[PDB]
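Notes follow the structure.
Note: ideal-geometry Cβ built from the backbone for every residue, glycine included; neighbour counts use all protein chains shown. Just so it is clear, none of the values below were taken in a lab; they were calculated from the coordinates.
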Amino acid sequence: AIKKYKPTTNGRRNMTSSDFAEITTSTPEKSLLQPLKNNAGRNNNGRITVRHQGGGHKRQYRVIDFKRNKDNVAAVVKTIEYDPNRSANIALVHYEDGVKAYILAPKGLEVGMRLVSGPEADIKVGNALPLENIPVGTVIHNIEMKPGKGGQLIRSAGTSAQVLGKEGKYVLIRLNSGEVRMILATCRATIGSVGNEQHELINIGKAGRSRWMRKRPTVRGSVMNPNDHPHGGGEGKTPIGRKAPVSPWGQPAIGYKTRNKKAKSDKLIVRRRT
Amino acid sequence: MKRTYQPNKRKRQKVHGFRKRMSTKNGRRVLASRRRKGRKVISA
Amino acid sequence: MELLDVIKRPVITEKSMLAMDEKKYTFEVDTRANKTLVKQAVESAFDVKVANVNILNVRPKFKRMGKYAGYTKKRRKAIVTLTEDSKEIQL
RNA sequence: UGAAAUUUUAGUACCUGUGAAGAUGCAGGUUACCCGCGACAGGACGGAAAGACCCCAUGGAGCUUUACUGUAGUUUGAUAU
RNA sequence: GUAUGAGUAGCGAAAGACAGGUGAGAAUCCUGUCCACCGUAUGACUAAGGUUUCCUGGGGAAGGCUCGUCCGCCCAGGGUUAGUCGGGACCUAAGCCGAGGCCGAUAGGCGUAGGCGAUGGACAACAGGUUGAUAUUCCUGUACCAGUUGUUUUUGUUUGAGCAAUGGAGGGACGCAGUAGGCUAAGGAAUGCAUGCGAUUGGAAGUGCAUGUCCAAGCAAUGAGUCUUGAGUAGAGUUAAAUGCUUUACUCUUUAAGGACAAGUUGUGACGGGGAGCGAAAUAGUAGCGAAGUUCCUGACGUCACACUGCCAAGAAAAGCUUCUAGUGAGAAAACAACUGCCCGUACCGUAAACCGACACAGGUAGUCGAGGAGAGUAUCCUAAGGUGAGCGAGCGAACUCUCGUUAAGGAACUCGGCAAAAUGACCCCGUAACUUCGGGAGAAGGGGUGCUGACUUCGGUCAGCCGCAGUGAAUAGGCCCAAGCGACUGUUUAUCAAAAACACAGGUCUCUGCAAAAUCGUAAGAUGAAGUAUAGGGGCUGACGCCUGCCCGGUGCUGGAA
RNA sequence: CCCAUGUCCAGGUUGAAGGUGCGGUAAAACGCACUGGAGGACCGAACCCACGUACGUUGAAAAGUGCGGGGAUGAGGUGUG
Ligand SMILES: [K+]
Ligand SMILES: [K+]
Ligand SMILES: [K+]
Ligand SMILES: [K+]
Ligand SMILES: [K+]
Ligand SMILES: [K+]
Ligand SMILES: [K+]
Ligand SMILES: [K+]
Ligand SMILES: [K+]
Ligand SMILES: [K+]
Ligand SMILES: [K+]
Ligand SMILES: [K+]
Ligand SMILES: [K+]
Ligand SMILES: [K+]
Ligand SMILES: [K+]
Ligand SMILES: [K+]
Ligand SMILES: [K+]
Ligand SMILES: [K+]
Ligand SMILES: [K+]
Ligand SMILES: [K+]
Ligand SMILES: [K+]
Ligand SMILES: [K+]
Ligand SMILES: [K+]
Ligand SMILES: [K+]
Ligand SMILES: [K+]
Ligand SMILES: [K+]
Ligand SMILES: [K+]
Ligand SMILES: [K+]
Ligand SMILES: [K+]
Ligand SMILES: [K+]
Ligand SMILES: [K+]
Ligand SMILES: [K+]
Ligand SMILES: [K+]
Ligand SMILES: [K+]
Ligand SMILES: [K+]
Ligand SMILES: [K+]
Ligand SMILES: [K+]
Ligand SMILES: [K+]
Ligand SMILES: [Mg+2]
Ligand SMILES: [Mg+2]
Ligand SMILES: [Mg+2]
Ligand SMILES: [Mg+2]
Ligand SMILES: [Mg+2]
Ligand SMILES: [Mg+2]
Ligand SMILES: [Mg+2]
Ligand SMILES: [Mg+2]
Ligand SMILES: [Mg+2]
Ligand SMILES: [Mg+2]
Ligand SMILES: [Mg+2]
Ligand SMILES: [Mg+2]
Ligand SMILES: [Mg+2]
Ligand SMILES: [Mg+2]
Ligand SMILES: [Mg+2]
Ligand SMILES: [Mg+2]
Ligand SMILES: [Mg+2]
Ligand SMILES: [Mg+2]
Ligand SMILES: [Mg+2]
Ligand SMILES: [Mg+2]
Ligand SMILES: [Mg+2]
Ligand SMILES: [Mg+2]
Ligand SMILES: [Mg+2]
Ligand SMILES: [Mg+2]
Ligand SMILES: [Mg+2]
Ligand SMILES: [Mg+2]
Ligand SMILES: [Mg+2]
Ligand SMILES: [Mg+2]
Ligand SMILES: [Mg+2]
Ligand SMILES: [Mg+2]
Ligand SMILES: [Mg+2]
Ligand SMILES: [Mg+2]
Ligand SMILES: [Mg+2]
Ligand SMILES: [Mg+2]
Ligand SMILES: [Mg+2]
Ligand SMILES: [Mg+2]
Ligand SMILES: [Mg+2]
Ligand SMILES: [Mg+2]
Ligand SMILES: [Mg+2]
Ligand SMILES: [Mg+2]
Ligand SMILES: [Mg+2]
Ligand SMILES: [Mg+2]
Ligand SMILES: [Mg+2]
Ligand SMILES: [Mg+2]
Ligand SMILES: [Mg+2]
């Protein structure tokens, strides 16, 4: 659940966090840890390409098994662990053959569940099946767009998609955004919804906490200089003073769509949203 | 009052060293120019 | 290099004479000579048995005559200690 | 022990007047023996900076936009693959 | 080049005095005595940087803000010793280079394999002595690590000991905060011990004074303690294999047992070394000699040890190393003796006169140690070890300027403005408002106590007495209150005239983005976004929280439509 | 500004969540003690910063010093690469 801190200090005032009740341990799997460096929004040229990123706490990457292509044997859920890299929690699972892996933790997952993957797996939270085998109306997550590539869609905490129907070699899906689109029927998905639904409700509370989470301050364009931002300049506070608000590089910032107009995936997107 | 020049042997060589100059075409142009001018010391 | 070329000359100073009293002799050696090579060269040249060789590099020393200024040549100094029951080097 | 800014040459008063219209230096008159030392800062339109204010130059630069003319990108069509 | 200003400004934070010596010449150089200064440093070590500035003997042209017989200066000689210390022959991070390769008017850009790259990991020696200058480097003593030869002793030679992968594994291997415990340094006291001395200024042979009051690494024995369940069965895996490792179910065990760690202690290292002090000539305090080394108190975030606990922001890699077989294999292992072990750095300065600041410059310079009294303390004052007296001085004691002390009566009348200064300041006790988001406000405010000596104390007091103008008697320590605007808050900002109401901020909202996402860097390749996936990411605006956020879609943008 | 890897923050103070005990109830909520040790928490050295003022202003200094001043476990300081 969400615990609210008493307003002992102005910084702590109105702050909330998770109790981490679901988390069963704090010792990740050594075999599955990998090193990660904080790119801080800088590409191979060393230029800042994405603003407002950098600093914050050190992290280790946990190798998640998005593919769920090990259908031979059952995987027993050993622990539910905190993952610094993603909003959702992960689950360490042991395959009966001794292979250890991490998966996303679906809502309602519990230690001891014996998950299975493959066409014949039953429709139970945490199981993985090709979309063709998942009955309509089912709630799923960790959907892959191409067979064997591994789950890409519906992975954030609390997210979920629903199977609407079949057609041809494609399966009709409503994604978490409300967009309805076709996805290749041989793509896999995990039954259920991503756990840690409460994540959205956390109140960060103070600037230092965002800095921990690797967000650097965001400076409004209206308080820059004209050579810095189209909104920059002007005496005193100023209105936008343009036809429409724009990003630092002149791209309109309200309502202007950016999806490529000749996207190949229009043929598969049935109903858009966002 | 910390001043601009903070000596450091390694940094001098890595930035202005002979091998650094030779690693790039423009660095070699500098060496050629120093030689043509006749500088006793063409590199750091 | 030739063993005869390894050792250049002795060093005669107050410190080196005190060392002789302990049966260790100081020699200037080729700057590229390692103490193992120095040991071999001393043995061949003087028929003595060497117990240990301590080598050190003498930096070039700045000097100036009149309007001109430069540096003395760099040197390599090796202190060779003979074993007991060994002949002394006579200079 | 030992600088510096400044400096056309100076044996370098006051008043009233004159004058490029605000004079140590010009006119009339007055005062004043020669050379310094310790202090003050009224003046030398004192020094420092070829005024930043103001105006001018068919000067410069940064910035803006439904100024003019272009243009990177973005997009649409024809055409080749 | 030389004047003027002008023999003028300045001679760069601070205490020196005198005697003696040296010498042509001395405030300035040496010696001595007293005095003074720093002492969480102005002491002791080190990294960088500097690069001979180190030592010895000379010199006084120039440099030194004076002088100079002297110097970090000039002249001549000399000085840096490593299997163990730091680096290389070990490992890798960020980053960099990059066979082929990708991309690209040229040049080139990018990048795989593979490498480079410490600030990190790994890794065998310490104590004392010695020189004018080096020392975990030389010497003495006592070790350890890797390896070679040889003697001896055991055991194996192809039903084969042993070694052993570039392969399978284990391990290395990691955050922050919080106290608690152990141990040792460190510190203190003693009518503990040892040595020396008896004062003349009135008193003291004693509970007087001064000084000292202990030693490695290694080896052996142990050890405060710390962590950890341990077996068996049946499977399944670990590209081949494995007795290794991972793992699934099932039994038994789990106040334990077994196992893994462990500061430190004792002994030996030590018939050695240090040590107050005594102290030689033939010329010093130097050879040399050399006593005691107890008890008690305090006690470390130094070490056990990131051990335990808690927390969210979730806290490197690789090698070394340990195992497993696969392979390889006729030699192996032990003890002993002798022997081998390369390159680079090693001087000296280093909170500075030797580094960065043009200077022998009131500035800046990472890390370690950093004592005593009072004290919470590394604050503060005075001191220990130790270091230093600041590279112009001698007079005089005017104005004026600066820095500082005091000030009758008044007490903000000053002034743009209480600017500056004054006042408050420590600890203990009593007591403490509006308002409030219930946390605060709050050290609100306003008061009281503080020294010394006895007595008694339950040890914190209390009672009694004494002294002064005054008892945190010095130093170091908040002034407070009422009210309004702005910004919620801690933060950030114009290095060098603006620290703010400006920026940020948590929160709100709008909007883009279905993943080769949008966005951005780039001609491209390739990147970031993200090894993330709509509870995510980018962009615009607003800015905690509370109550709220009205009307207008005609115009301009955006979005949709398609006759 | 950022990346990787180290390192620094004397000493005091306050007392969040949680936990235990006792009350309380059908069980609770809840109350009182104790324990516990949170915080862009408090006071304050080193450290970092630079608010006021005097002086300096051919400076000791091409940005400082004296006296005060703010932060000082963090959005922290700082070293190396
Ligand atoms: K807050
Ligand atoms: K998370
Ligand atoms: K902002
Ligand atoms: K503006
Ligand atoms: K030159
Ligand atoms: K005129
Ligand atoms: K005047
Ligand atoms: K300009
Ligand atoms: K002159
Ligand atoms: K003159
Ligand atoms: K001399
Ligand atoms: K070494
Ligand atoms: K290192
Ligand atoms: K073995
Ligand atoms: K050792
Ligand atoms: K011992
Ligand atoms: K040395
Ligand atoms: K004390
Ligand atoms: K002290
Ligand atoms: K002097
Ligand atoms: K006088
Ligand atoms: K005066
Ligand atoms: K008055
Ligand atoms: K108040
Ligand atoms: K009193
Ligand atoms: K105070
Ligand atoms: K503000
Ligand atoms: K704010
Ligand atoms: K407000
Ligand atoms: K401020
Ligand atoms: K700002
Ligand atoms: K609001
Ligand atoms: K936003
Ligand atoms: K707006
Ligand atoms: K915001
Ligand atoms: K409208
Ligand atoms: K409209
Ligand atoms: K000041
Ligand atoms: Mg952003
Ligand atoms: Mg602005
Ligand atoms: Mg613009
Ligand atoms: Mg504007
Ligand atoms: Mg306005
Ligand atoms: Mg050496
Ligand atoms: Mg006239
Ligand atoms: Mg006139
Ligand atoms: Mg005349
Ligand atoms: Mg004139
Ligand atoms: Mg003038
Ligand atoms: Mg002009
Ligand atoms: Mg004058
Ligand atoms: Mg002086
Ligand atoms: Mg102090
Ligand atoms: Mg000297
Ligand atoms: Mg000398
Ligand atoms: Mg002189
Ligand atoms: Mg090493
Ligand atoms: Mg490359
Ligand atoms: Mg090539
Ligand atoms: Mg070692
Ligand atoms: Mg020395
Ligand atoms: Mg007497
Ligand atoms: Mg196999
Ligand atoms: Mg301790
Ligand atoms: Mg040394
Ligand atoms: Mg200095
Ligand atoms: Mg003192
Ligand atoms: Mg008065
Ligand atoms: Mg009075
Ligand atoms: Mg008034
Ligand atoms: Mg008045
Ligand atoms: Mg004031
Ligand atoms: Mg006092
Ligand atoms: Mg503010
Ligand atoms: Mg503030
Ligand atoms: Mg400024
Ligand atoms: Mg300011
Ligand atoms: Mg605003
Ligand atoms: Mg604080
Ligand atoms: Mg500093
Ligand atoms: Mg600043
Ligand atoms: Mg504060
Ligand atoms: Mg403070």
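Residues that are crowded, with 17+ Cβ neighbours inside 10 Å and away from chain B (no Cβ under 14 Å): which strands (runs of 3 or more DSSP E) entirely in region A:50-130 hold 2 or more of them? Before you say what the answer is, go through the steps one by one.
Values: elements: A:60-62, A:75-81, A:90-95, A:100-104, A:128-130.
Those strands (runs of 3 or more DSSP E) span A:75-81, A:90-95, A:100-104, A:128-130.
Identify all residues within region A:197-235 that are charged (D, E, K, R) and more than 16 Å from ligand 43 (Cβ to nearest atom); write none if there are none.
Of everything in region A:197-235, those that are charged (D, E, K, R) and more than 16 Å from ligand 43 (Cβ to nearest atom) turn out to be A:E197, A:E200, A:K206, A:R209, A:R211, A:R214, A:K215, A:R216, A:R220, A:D228.
Just to check your reading of the model, which residue among A:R211, A:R181 is away from ligand 5 (no atom under 16 Å from the Cβ) and either in a loop (DSSP other than H, G, I, E, B) or in contact with a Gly (Cβ under 9 Å, 6 or more places away or on another chain) (or both)?
The unique qualifying residue is A:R211.
Being under 23 Å from the mean Cα position of the chain (by Cα) and either away from chain B (no Cβ under 14 Å) or closer than 30 Å to A:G11 by Cα (or both) narrows it down to one of A:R272, A:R220, so name that one.
It is A:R272.
Do you know which residues across region A:184-205 are within 18 Å of A:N127 (Cβ to Cβ), in a loop (DSSP other than H, G, I, E, B) and not small (G, A, S)?
Answer for region A:184-205, where residues must be within 18 Å of A:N127 (Cβ to Cβ), in a loop (DSSP other than H, G, I, E, B) and not small (G, A, S): A:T186, A:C187.
Kindly indicate whether any position in region A:231-244 is of a type outside the set (F, W, Y), touching a residue at least 24 places away in the same chain (Cβ under 8 Å), surrounded by 13 or more Cβ atoms within 10 Å (Cβ to Cβ) and near RNA strand E (Cβ under 7 Å from one of its atoms).
Looking for residues that are of a type outside the set (F, W, Y), touching a residue at least 24 places away in the same chain (Cβ under 8 Å), surrounded by 13 or more Cβ atoms within 10 Å (Cβ to Cβ) and near RNA strand E (Cβ under 7 Å from one of its atoms), one finds none in region A:231-244, hence no.
State whether the residues of region C:58-76 include one that is more than 14 Å from every other protein chain (Cβ to nearest Cβ) and at positive phi.
yes
Every residue in region A:210-223 that is of a type outside the set (S, T, Y) and free of Cβ contacts under 8 Å to residues at least 24 places away in the same chain, please.
A:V219, A:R220, A:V223
Do the conditions hold for C:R9, that is, is it on the phi < 0 side of the Ramachandran plot and touching a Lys or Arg at 6+ places or on another chain (Cβ under 9 Å)?
No: the conditions fail for C:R9.
Are any of the residues in region A:7-18 more than 16 Å from ligand 40 (Cβ to nearest atom), within 24 Å of A:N196 (Cβ to Cβ) and basic (K, R)?
Yes, region A:7-18 contains a residue that is more than 16 Å from ligand 40 (Cβ to nearest atom), within 24 Å of A:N196 (Cβ to Cβ) and basic (K, R).
Given A:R214, A:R220, which one is among the charged types (D, E, K, R) and either within 16 Å of ligand 2 (Cβ to nearest atom) or in contact with a helix residue (DSSP H, G or I) (Cβ under 6 Å, 6 or more places away or on another chain) (or both)?
Working: A:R220 fails: either within 16 Å of ligand 2 (Cβ to nearest atom) or in contact with a helix residue (DSSP H, G or I) (Cβ under 6 Å, 6 or more places away or on another chain) (or both).
Selected residue: A:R214, the only one of A:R214, A:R220 that is among the charged types (D, E, K, R) and either within 16 Å of ligand 2 (Cβ to nearest atom) or in contact with a helix residue (DSSP H, G or I) (Cβ under 6 Å, 6 or more places away or on another chain) (or both).
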